[PDB]
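1. what's the 3D shape of this:
(chains A, B, C, D, E, F, G, H and I, ligands or ions: 1)
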Amino acid sequence: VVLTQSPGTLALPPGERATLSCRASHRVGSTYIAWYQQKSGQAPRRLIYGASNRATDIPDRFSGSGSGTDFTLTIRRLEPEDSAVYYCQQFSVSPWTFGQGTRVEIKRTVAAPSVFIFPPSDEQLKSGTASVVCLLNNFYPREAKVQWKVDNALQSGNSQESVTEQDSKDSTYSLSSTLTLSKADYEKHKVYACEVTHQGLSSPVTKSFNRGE
Amino acid sequence: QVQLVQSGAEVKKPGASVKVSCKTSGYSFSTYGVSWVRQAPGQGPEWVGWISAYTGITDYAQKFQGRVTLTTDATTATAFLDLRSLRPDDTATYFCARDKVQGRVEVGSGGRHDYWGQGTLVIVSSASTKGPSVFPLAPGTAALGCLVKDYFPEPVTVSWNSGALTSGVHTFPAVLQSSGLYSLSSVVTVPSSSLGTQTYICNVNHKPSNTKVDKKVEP
Amino acid sequence: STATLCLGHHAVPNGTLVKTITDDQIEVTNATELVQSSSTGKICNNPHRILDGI
Amino acid sequence: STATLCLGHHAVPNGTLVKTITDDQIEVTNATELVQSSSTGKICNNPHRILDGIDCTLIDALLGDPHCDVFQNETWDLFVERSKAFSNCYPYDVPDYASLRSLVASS
Amino acid sequence: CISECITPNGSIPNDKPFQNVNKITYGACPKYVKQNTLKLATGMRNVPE
Amino acid sequence: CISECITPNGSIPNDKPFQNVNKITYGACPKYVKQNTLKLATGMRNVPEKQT
Amino acid sequence: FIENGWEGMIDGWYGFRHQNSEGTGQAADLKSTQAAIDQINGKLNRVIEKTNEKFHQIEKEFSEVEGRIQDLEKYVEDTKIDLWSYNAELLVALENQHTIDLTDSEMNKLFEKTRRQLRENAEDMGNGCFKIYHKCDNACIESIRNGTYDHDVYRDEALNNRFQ
Amino acid sequence: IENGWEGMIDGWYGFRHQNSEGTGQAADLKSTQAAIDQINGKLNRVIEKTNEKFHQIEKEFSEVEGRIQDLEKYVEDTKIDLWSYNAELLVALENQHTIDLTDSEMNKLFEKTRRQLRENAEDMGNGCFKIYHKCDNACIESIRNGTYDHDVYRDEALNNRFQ
Amino acid sequence: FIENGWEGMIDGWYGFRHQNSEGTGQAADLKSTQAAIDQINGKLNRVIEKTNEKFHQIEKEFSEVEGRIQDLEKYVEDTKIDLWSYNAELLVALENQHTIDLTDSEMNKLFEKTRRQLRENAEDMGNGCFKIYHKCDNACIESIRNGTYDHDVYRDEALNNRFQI
Ligand SMILES: *[C@@H]1O[C@H](CO)[C@@H](O)[C@H](O)[C@H]1NC(C)=O
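-> Residues are numbered from 1 along each chain as shown, chains lettered A, B, ... in the order given. Sure, the structure comes next:
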C-alpha cells in the first residue's frame, strides 16, 4: 500500500492556503489515516487522525478529509510557524506505511544576506591547517551563491557549504561556506575575499580581509 | 503527564547488534501497544514494527523480519527494540510511539501514534571515533562563533552559556569532509556595544568520544 | 522409529488486498476487478446503429 | 492426585437485546445504538454559515420588502425560513415560485 | 456550537450511521430510516451462570 | 468495432458487473457506482511461511 | 459445552478456571480476547465509517395540494426511505448473527488449542473442562495457559493413571 | 498450520510427509477443485450478465431550471448511492465467505485424514500427525488416496504410543 | 462424515441407528431436531413478517406520450423495482446458504455431544458411526441417547477390548 503524496514541495506566502494531497495505491478506510508535521531535529507531531479529526492542542487552521483513495490535508491560513514537512500515514494494512513527504516553505518577501567573514584562529593556525569561514545571515530566498578569492585567485572545489533550515519566526535561511587550505598556502597570500550573489542584492557584494590584521 | 523518554545515541559496527530503550509514563502501560518508526537522515519515516503491552503480540515489518525483536517490561514500563546484523543501511534515528488501544472498549481511531519518543540516533560505521577540535570564530550588529572541526561520528551538541543565550543563534548542519570526518559551525549575532560586560560559552559536547570542551571566544 | 505427515495449503509471493466485513485489508492468493474504470475513448458502431449529428 | 482445568467465557448481569437473522431477540454482553433518535432542539451556527430569515421569507429579501432591507447583499450556506415570517409590501405573486426560491437558495 | 448536520428539528450529531429525527437534512448527516432504534451487537451472547 | 455499451466518455466493455466511467449509458452496461475499484477475492488468505 | 458463562470474570473475555492440589483459581486468556475484540472493532469501524454529505436536495414537506409533481416528489422520497430502512435492518441483522458466531468460535478455538496441547495426558469431561491425569501444580497450570506445557514430560505419569 | 507453503504448485491443498525413505510433497486435487468450484460458481453469480437500459432520463444539464431538474438530479443521485452501497456490501460479504470457505476446506481435509488414521497417530498441534509406525512411501500414498487400513498397523502403532 | 442420509426416518430430523446383540433399531433425537426447526421457523417468520401498506402513489401506466415528466415517473418506478428485485435475490441466497450451514452444524453438534459422552469407551469409525467397545444392550443404548450413559461404568471392559486382542 503505497502513499505517493504531492506536490513535492510548495511555497506559499503567510495567510494563503496550502492544500496537500495523498493518493494511495489501494482503497483505505477513512479511519486508518493520519497526518503529521515534522520540523527537522524533533520527532513527528501528529496533526490529524482518522483522516478528519484534529488531535488536541492543534489550531483549527489544520483540517483533513478524503474518501477511500484521495486524502488531503488543508492548512487554512499559513503562518511562519508552519514551515515543515508533512507526512500522511496509513495503518490499515501491514506494513503500516508513510508518505514521501510534502515540504511547506512559507514564501515571505525578499531579504539580503548580512555577510560576515572570519579569519582562522591563532589556536588553529599552529595546529597545522587553516579554515576561512564566510557567513550569510537571515536571507530569503534560499538561492544564494558564494565565491572565494585569494589575492583575486578565484577558488573552487576547496570550499564546502552548509545551509540552515527555514526559520520558524521570520522565515529566513542562513549559510556558511568554508575555505580549507594548508597553513603553508594560507601563510602565503594576503587578501582573502568572499563574494556573494543573491536576489536580494542588486549587484554582488564582497567582504574581505588582509592576512595578519 | 504522558511521555516517552528514549536512550542516548549508540554507535555500532557492521557486524554487531543494538538495543534501544523507550521509557513510558503518565498512562497505564498495559492498555496500549507501541509502534517503532525509523528515519534515515534526510529521507522520510519508515515503519519498523509494533508490539502489544497487553497481549505480547508483535507485527514486524516484513523488510526486517528476523533481524528485529520487540519486547516490553511492565515493571519499569519500558519497550525495547533489538536489531541484529546491522548494515550501514540501518544508520538512522529510531522512534517509539504509543499505538493501538488494547483490552478497553474500542473506537474510532483516536490513537494510534498519540505521543512519540524524542528519537535516538544509531550509526552503523566501521570507522574510528575522533573527538572534535574547537576553534574560536574570532569576531552596529556583530557576529562571533565556534568551529567544531574534524570529528566522527555524529552527533555534536553545541549550546551557549548552559543554554542561557538562546536568541540569535544558528547552529549549522554538520558537513562531511573527503577526509571522512565532520565539521560543524555555530554562530551568534549580538549587539556590538555589550563586549566588556558580557562573555560567551561554546557548550561543545561530542558524546561518542566523551569530550565536554566548553572553550571560549573574545576579540 | 515413526513418521510425520502434514496437511497444508499454498501461498504465493505476491497476493492482493481485498475487503471484508471485519477487515479493511487482507491479502489473498488472487482477486479480480469488478469495476470497469477506463474506456477506449471512441464509440463502437456495432451492434447499435449510431447516427452522428455532426 | 490429579487436576481440573476449565475453559469459559464471561457474562454480565444485565445484557442487551438485539436482532439477528434467525431470531427476534437475543441477549448479548453489550451493544451499541445505530440510529440517532433525538436532537438538541437548536441549530449550530458552525461550521455552516446559517442566516436567519427572522420575519422575512427568502423571496421577500430578494425583491426588497421594506422590513427585509437588513438582508441586502447577504450570503449564506443555509438560509432559514421561519414560520413567523410575513410579507408587508405591494401584493405580488410568482408564477413558478418554488423554482425561483430553489434557484436563489442554491446561489 | 459545532454541528455538521442540521435538521428542522434541530442539529444532530452524525456519529451514527442512521437517524430518525427528520428526513429533511443538510450537511454530513446519517441516513434517514424509519426505525427509531437498531442495536448493533458489540459482544458475545450473554449466558447467566 | 463491437461494443454493447456506449457512454459519452466512449464505449466500454460490459464483462464487469459495475463501472465508474459515466452515469450516462446506453445498452447492456454495468451499473454505475461511485467506487473506482472493488476487488473480489478469487482465492484463500495468503500466508507466508514461518521461518527455519 | 459450557452450558453457562462466568460472571465475575473481569480480567478479560475468555478464561481458565483450574482446580488442583494447591487450590482453585482463575485467569483470563488475553490473546483470544483481543482476537474477538479486534474483529468487532474493525467491523464496527466499517459500519460507522463516516456517511455521505448532502446539500440542496428536493423539498419533502408541502403546504398546498399540487397534484402530479408533488405526488412524484413524495413518491421518490418515500421509495428512498423504505429502501435505506431495509438496508439498515438487514445490515444489523447480518452483522449480529456474525458477531455472535465470531465470539462463539473464539471460545471454541481456545478450547481446541488447549486440547491439542494436553495431547494424551487428559480427557474432555463433557462440560468444556479437562480432567488432567497428573499432579499439575500452579507452575504447570500457567505453563498450559501461556503455551509451553511439554506433554512429553508428564506423559508416563498421566498415561498410567488413565489406563490401569 | 500457523503458515502456508510457498512452492506448492501441484495444487491448492497438500500433504508434506517425512519418513525413513525421506521427505516429499503432493497435492490433494479433490479438495482443491472443491474450493475452486465454489469460488467459480459464486463468481459466476456475481458477474452473471447485468442489465440493459435504453432511453432513460437526462442526467447532465446546461441551464438552471429549478424544480424538475432538482428532482431529476435527486432521483439519479439517490439511485447511485444505493447501488454503490449494494456493491460495497456484496464484495465484503462475498470475501469474508470466500476466506471461510477455503479455511474450512483445509480444515476438512485434515479431519478426513484424522478419521482415517484412527488410533495409530496423534495431532502434533501444528496440523501435522505423528504416525506411530513405520510408514514408508507406499503406506503414505495409501493415506493420501483413501485406502490406509488402520486395522493393519494397529498393534504396531498402539504399542509405540503407550509402552 | 455420513456421506449419505437416511430416508425412511420419519420419527424426526436427526437420529440414532444402532446395532448390538439384541438386534438393530432406530430412533430420532428430538431436541436437536427442534433446535434446527426453531431457527428456520424464526428466520422464516422475520422474512414474511408483516409487509408495508401503500395507498395513493404515482401513476405507472400511461396512454399518451408526454415526454419529460412521464420519462421521470417511469424511471423512478423502474429504478425502484430493479433495486427491490436485487434485495430479494440476495436475501433468499444468503438465507439459504445459512439454513444449510445451520442444519449441517446441528448434525455435527449432535455427533460431538455423543462422542464426549462415550469418552474413552469407543472410537470414530470414520463414517459418523461409533464402534463402542463393550456389550451395549438396548438399555445402555437409550442411556446414551437420553444423556445418562456413565462411562466410568463400562471403562474397564471397553478400555481392555480396545488395547488388547
Ligand atoms: C458498550 O459498553 C461499553 C463498555 O463495554 C460502554 O462504554 C459503551 O458506551 C457501550 N455502548 C452502549 C450503547 O451502551
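
2. ok, and does stretch B:143-152 reach over to chain A?
-> Yes. Using CB under 8 Å from any CB of the partner chain, we find that stretch B:143-152 touches chain A at B:143, B:145, B:147, B:149. From N, CA and C alone the C-beta is placed, and that goes for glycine too.

3. what's near enough to touch residue A:173?
-> Residues near residue A:173 by CB atoms under 8 Å, 6 or more residues apart in numbering or on different chains: A:139, A:140, A:141, A:142, A:144, A:163, A:164, A:165, A:166, A:167.

4. So which residue is smack in the middle of chain B?
-> residue B:120 (3.8 Å; CA atoms, centre = their mean).

5. Counting neighbours, what do you get for the nearest residue to that one once chain neighbours are set aside?
-> The shortest distance from residue B:120 to any non-neighbouring residue, by CB to CB, 6 or more residues apart in numbering or on different chains, is to residue B:6 (4.2 Å). For residue B:6, the neighbour count with other CB atoms under 10 Å in any protein chain shown is 23.

6. didn't residue B:6 look like it was pressed against residue B:116?
-> No. Under the contact definition of CB atoms under 8 Å, residue B:6 does not touch residue B:116, with a separation of 9.4 Å.

7. Give the residues shared as contacts by those two.
-> B:95, B:96.

8. who's in contact with the longest helix along chain A?
-> Secondary structure of chain A per DSSP state H: the longest helix is helix A:122-127. The contact list for helix A:122-127, computed with CB under 8 Å, 6+ apart, reads A:130, A:131, A:183, A:186, A:187, B:133, B:135, B:136, B:147, B:149.

9. Let's verify the spatially most central residue of chain G: helix, strand, or coil?
-> Nearest to the geometric centre of chain G sits residue G:103, at 1.6 Å (CA atoms, centre = their mean). Classification of residue G:103 using DSSP: H, G, I helix; E, B strand; the rest coil returns helix.

10. now that we're looking at it, how far away is residue E:40 from it?
-> 14 Å (CB to CB, to the nearest Å).

11. and the gap between the single nearest residue of chain B relative to the ligand and residue B:33?
-> Taking CB to the nearest ligand atom, the ligand has its nearest neighbour within chain B at residue B:105, 4.6 Å off. Plainly put, residue B:105 is 16 Å away from residue B:33 if you go by CB to CB.

12. of those two, who's got more company?
-> residue B:33 (24 against 11).

13. thought that one was touching residue B:54?
-> Yes. Contact criterion CB under 8 Å: residue B:33 and residue B:54 qualify, at 7.3 Å.

14. Quick check: neighbours shared by those two?
-> Once CB under 8 Å, 6+ apart is applied, the residues that residue B:33 and residue B:54 both contact turn out to be residue B:102.

15. can you pull up the bridge partners for residue B:25?
-> residue B:3 (DSSP bridges).

16. That one - how many residues pack around it?
-> 12.

17. At which residues are the helices of the chain located?
-> This is for chain A. Taking DSSP H as the test, the helices found in chain A are A:122-127, A:183-186.

18. wait, chain G
-> For chain G, the helices defined by DSSP H occupy G:30-47, G:68-118, G:138-145, G:151-163.

19. Kindly report the same for chain E.
-> Under DSSP H, chain E gives no helices.
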